[PDB]
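What follows is a set of notes on a single structure, which appears directly below.
None of the figures in this text is laboratory data; all of them are computed from the coordinates on show. Note that each Cβ is placed from the backbone with ideal geometry, even for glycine, and that neighbours are counted across all protein chains shown.
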Amino acid sequence: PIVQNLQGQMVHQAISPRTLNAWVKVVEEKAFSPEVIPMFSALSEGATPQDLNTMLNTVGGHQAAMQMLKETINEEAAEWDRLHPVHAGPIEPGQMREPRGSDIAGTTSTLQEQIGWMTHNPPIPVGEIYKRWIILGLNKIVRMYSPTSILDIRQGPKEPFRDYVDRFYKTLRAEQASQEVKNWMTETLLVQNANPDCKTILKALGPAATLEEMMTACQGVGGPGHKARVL
Amino acid sequence: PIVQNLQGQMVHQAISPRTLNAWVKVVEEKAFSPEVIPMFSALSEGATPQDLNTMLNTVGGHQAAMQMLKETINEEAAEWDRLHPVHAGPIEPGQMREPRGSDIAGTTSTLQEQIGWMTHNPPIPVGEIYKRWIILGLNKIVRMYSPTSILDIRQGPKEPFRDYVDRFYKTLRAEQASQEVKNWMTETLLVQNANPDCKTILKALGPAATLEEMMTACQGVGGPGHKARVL
Amino acid sequence: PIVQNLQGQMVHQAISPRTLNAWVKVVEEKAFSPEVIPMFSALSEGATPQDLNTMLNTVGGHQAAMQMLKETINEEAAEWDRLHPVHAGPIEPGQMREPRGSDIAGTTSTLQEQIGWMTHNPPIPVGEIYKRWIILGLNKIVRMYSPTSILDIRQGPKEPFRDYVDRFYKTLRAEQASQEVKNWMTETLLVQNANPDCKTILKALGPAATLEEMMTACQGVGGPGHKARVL
Amino acid sequence: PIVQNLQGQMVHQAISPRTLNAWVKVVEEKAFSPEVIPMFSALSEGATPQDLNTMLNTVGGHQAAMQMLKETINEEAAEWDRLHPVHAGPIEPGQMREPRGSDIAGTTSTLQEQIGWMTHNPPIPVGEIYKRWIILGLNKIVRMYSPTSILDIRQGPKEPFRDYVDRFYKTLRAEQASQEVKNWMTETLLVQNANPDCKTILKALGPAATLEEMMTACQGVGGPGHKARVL
Amino acid sequence: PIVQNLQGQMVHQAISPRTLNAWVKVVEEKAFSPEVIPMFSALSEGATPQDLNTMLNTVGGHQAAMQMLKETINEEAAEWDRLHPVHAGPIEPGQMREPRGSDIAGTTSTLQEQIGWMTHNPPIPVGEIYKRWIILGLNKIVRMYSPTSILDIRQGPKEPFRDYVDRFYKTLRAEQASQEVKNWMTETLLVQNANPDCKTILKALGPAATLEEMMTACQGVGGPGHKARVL
């Protein structure tokens, strides 16, 4: 990634094994979970295409998803080719050539030419384009190895209301659908699969208008709320 | 290692005992498996010929593999002797001698004579060549200690397609043959040594179809498929 | 047949005795085969009616086929006489007469007259009209002798697909079907009159399998007599 | 077929019968095997599309394979048609008719209408493109006679090496492996799937070997006699 | 192939299907036999490298031997490449580009290049250069079928002299043998192991006598072979 940004934002240092082991511990245990996306992003803000490749090829497990990520990136580098009819040398004497999808993806480009674009004035941000495409793929794998299953879950007769709404709101985050389809998940699907004693409170006070009332309401079904596993 | 933080300037910083502790603990655990090869390249980025030796000899185990690398680096040292002369014209202050394959190996040279070639204008690539001879040399270990006959690969009787292709790539990564051969293993042996019902769906789909189509297919063969347990 | 030039000077010669010696080998071998229908065409290029009659007369055996043909062609002469518009007569100097079913046979036309119509720009293409009449009867010959039944054809229980699939397309080579129906026969009935063990695999491969995978199906169920030996 | 004459005019030579009798015999004897392929190509030179139909459709046996070729030509005529649109650009007195996919196939174009593209400048190459879709079709059919697994086949215990070597190279000729691959099968698989007593010498002699040296290897399996075993 | 004078206003036309058809009929009837190679030597005069490889390709059988010919060919071309290094390359009024051994083998030349060398002055006859290497490929096979054992081919007193003629001249000519080797071989394998009543006869003649006086020797000799001599 680039280092010493207050001094100049031009001088580099290779990806840290500490950084890679925290990615490799995510990629085992949390790769399929929505939280992958901001942790990856925070880790790889300021990175080179070389850095973005090196995190994924460091991974020893989940080799189909690493392949799924490789597919998404070619599918996107293929779109850059149909989007941009780019030429080989400089179209303007005195300036850089334009990057292609392969130069963006890190196949046809040295660390020097990658940071040549980012450091050139004005910059051309060849890893800010790359990291987007790994986020398309992280969204694609979050679906592929781990779909929502929101019909399947429900509140059982001795099961707590708060913990069931904690699951549903995680499931609804992981969901990639439009807003109106998810709005029905909250105002009908939740109300339908809740226990009937929690159902009265759901239908009275509106889940599209309050939730704090219903964290205090409905504490018989799953039993007293201070004896709960999460505390 | 060399570190840089200001443009045009090189400066050394000493190898850490904690950098070495991490190294020798992932060699104890995983040996020289592909998850270590771009972690080592990231560990040894700036590393001198003095420091590389320092990583090579701090390892206590896996000595047959280490010895197969000692044979490999000095074969390459032998080859640098073959294609370049020995430096033996007389030297003076303000005159550097040109490296032998052993000066590149660090096995007849002091830190000052090394960091001199390396911080030079324009620099001599004395740290990058030795690193290369270990990265080739680990690929050389990996290919022998690779346990799995890719020719004799077969799907589990209750196994899902999704774990089968994931196992398939993971195994194929350490096999020796050039990538055109890997590509045909992937077409051939994955369609043929899947479980019988699947092997027909891949024939209907096609051997040359896109990896999403192949990853999606064959679910519920061998009993129900399954997904990551983070919702 | 005539002699081609670019001089318009189109001289005539009698049919080659060799062209007939090749044909009277072909009539004995291949006379009710699908092979004889463009193979007649291949030897009768530039034919006058007298060359088309001469091929007919030079056959000694298979008189029941040459007779059923000659019937068919006389029906087409008679068809063309009902098509013909009666009594146009010599109402233009510089204008050839309109041809009847007898002129196209060669029955009320002399050889010189015949080459006239042909060598005219645009032609009146009498010999080709006759040839199409003959090919049209030769199709009717193959239709009436050769296996053409789609409900009689079937595959036995330990019978290769390789030999079946071949004599299926040889059945429908000879048969007439409109395109829409010929799609339906190849799709529907070829799979359906297959044996239970092949047929499940052919349900499996379906219309989704490409014809290189489809029409080589069933080799591990048909055993060593259904696989190829390698010569 | 056609000969070029008098400053770009072409004039027909109708086929020789002794050509036509050979051509149908080679298919009747060897089917669609490797050898027919350069011989069809030679039949295909100096001929318009309509002749190539007369030569191809004369095949009366082998009709499943001929469906697999025919449906290749059907498919390739669609690719070519949707590639170049007929009559949608600039047009004027004296221009000739522009060719569809149907016209290259010789379905919707006439004999001297096929020559009309051929005698134009720049000239259009209707024969060679048609000839091209047939040759690609005939490279599919050779693999119908070749083994479905080339890893699982092996030489029997008392079986000749000379047959074995024959069989492997004739296999590589059907399959049409990539260049990295092919070089790796003559080195690895041929060695591994020889019989264990043919193995011991072929490992020892190795794969730099010259073919006579290699063919005079493994005569020990035959045992002692007056005959040598390479014959 | 090429028609008219090679050192003249040479012309090149498209290949007869007959020439490939005829050759491979001979090969399938008679294989690599002494009557055969002189037919191939007669065809080659006026055939281009592309034509010469199209004949070699048109042979479908006999493939361990056809490989040994392609290997022997490349071994002549490798030696030729090294012997005859390239001089200067493309010359604008000069040679279009100059051949190397793989060009003359057809391997890296297209037909317009093969025709441009022969239509240069001095003409380079690449099929005449090619022809001799190919005949060495034909010959290389037959020396394989020939016994190499001098112990086994030895004369003895029981069997007639005519019958040692095939065995002798088969092994002797299995490679290039000089006069010095042959007189060693005629004494040691033949004339020293004759019948004792023939030995003094053949000893006054000596090893470099003619074969017709060795064959007609032993006039007035009784014993084995005396009813089986020509005189």
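Scanning the range C:165-219 for residues that are aromatic (F, W, Y) and either more than 13 Å from chain D (Cβ to nearest Cβ) or in a loop (DSSP other than H, G, I, E, B) (or both) returns a single hit, C:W184. The set of residues in the range D:57-74 being under 24 Å from D:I124 (Cβ atoms) and within 9 Å of chain C (Cβ to nearest Cβ) consists of D:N57, D:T72. For the range D:178-197, a residue qualifies if it is in contact (Cβ under 8 Å) with a residue 40 or more places away in the chain and within 18 Å of B:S178 (Cβ to Cβ), but none of them does.
Assess whether C:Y169 counts as being under 21 Å from the mean Cα position of the chain (by Cα), surrounded by 12 or more Cβ atoms within 10 Å (Cβ to Cβ) and over 30 Å from C:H12 (Cα atoms). Yes, satisfied.
Selection over the range E:1-11 of residues that are assigned to a loop (DSSP other than H, G, I, E, B) and without any contact (Cβ under 8 Å) to a residue 12 or more places away in the chain gives a count of 4.
Among residues of the range E:12-24 that are more than 7 Å from chain D (Cβ to nearest Cβ) and without any contact (Cβ under 8 Å) to a residue 60 or more places away in the chain, those with a beta-carbon under 8 Å from a residue that is of a type in the set (A, V, I, L, M, F, W, C) and not in a helix (DSSP H, G or I) at least six positions away or on a different chain give the pairs E:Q13/E:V3; E:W23/E:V59.
When the range B:206-230 is filtered for residues that are farther than 22 Å from A:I141 by Cα and surrounded by 14 or more Cβ atoms within 10 Å (Cβ to Cβ), the ones remaining, listed by number, are B:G206, B:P207, B:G222. Taking the criterion of being of a type in the set (S, T, Y) and under 18 Å from A:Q50 (Cβ atoms), the residues of the range A:72-122 that qualify are A:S102, A:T107, A:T108, A:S109, A:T110, A:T119.
Scanning the range D:30-39 finds no residues that are aromatic (F, W, Y), within 22 Å of C:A22 (Cα to Cα) and within 16 Å of the chain's Cα centre (by Cα).
Quick one: in the range C:150-164, of everything that is of a type in the set (A, V, I, L, M, F, W, C) and in a loop (DSSP other than H, G, I, E, B), which residue is surrounded by the fewest Cβ atoms within 10 Å (Cβ to Cβ)? Write out each step before concluding.
Going through the range C:150-164, the residues of a type in the set (A, V, I, L, M, F, W, C) turn out to be C:150-151, C:153, C:161.
Next cut, in a loop (DSSP other than H, G, I, E, B) only: C:150-151, C:153.
On the way: C:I150: 15, C:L151: 7, C:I153: 17.
Here the answer is C:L151.
Quickly run through the range B:106-148 and pick out the residues that are over 21 Å from B:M10 (Cα atoms) and aliphatic (A, V, I, L, M). Selection gives B:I134, B:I135, B:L136, B:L138, B:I141, B:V142, B:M144. Taking the criterion of being under 14 Å from D:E71 (Cα atoms) and within 7 Å of another protein chain (Cβ to nearest Cβ), the only residue of the range D:140-151 that qualifies is D:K140. Can you confirm whether the range A:33-47 contains a residue that is facing chain B (nearest Cβ under 8 Å) and surrounded by 18 or more Cβ atoms within 10 Å (Cβ to Cβ)? Checking the range A:33-47: at least one residue is facing chain B (nearest Cβ under 8 Å) and surrounded by 18 or more Cβ atoms within 10 Å (Cβ to Cβ).
In the range C:160-177, the residues that are closer than 16 Å to C:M215 by Cα reach residues that are hydroxyl-bearing (S, T, Y) with C-beta atoms within less than 8 angstrom, at least six apart or across chains, in these pairs: C:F161/C:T216; C:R162/C:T216; C:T171/C:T148; C:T171/C:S149; C:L172/C:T186.
Just checking, does the range C:93-102 include any residue being closer than 17 Å to C:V126 by Cα and touching a residue at least 60 places away in the same chain (Cβ under 8 Å)?
Taking the range C:93-102 and keeping what is closer than 17 Å to C:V126 by Cα, we get C:95-102.
Adding the requirement that they be touching a residue at least 60 places away in the same chain (Cβ under 8 Å) leaves none.
No: zero hits.
Only one entry of A:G137, A:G127 meets the criterion of being within 13 Å of chain B (Cβ to nearest Cβ), within 25 Å of the chain's Cα centre (by Cα) and closer than 16 Å to A:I73 by Cα, and that entry is A:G137. What do you reckon, is B:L52 surrounded by fewer than 17 Cβ atoms within 10 Å (Cβ to Cβ) and more than 9 Å from chain A (Cβ to nearest Cβ)? Answer is no for this residue. Being under 29 Å from C:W23 (Cβ atoms) and touching a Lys or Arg at 6+ places or on another chain (Cβ under 6 Å) is a property that D:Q13 lacks.
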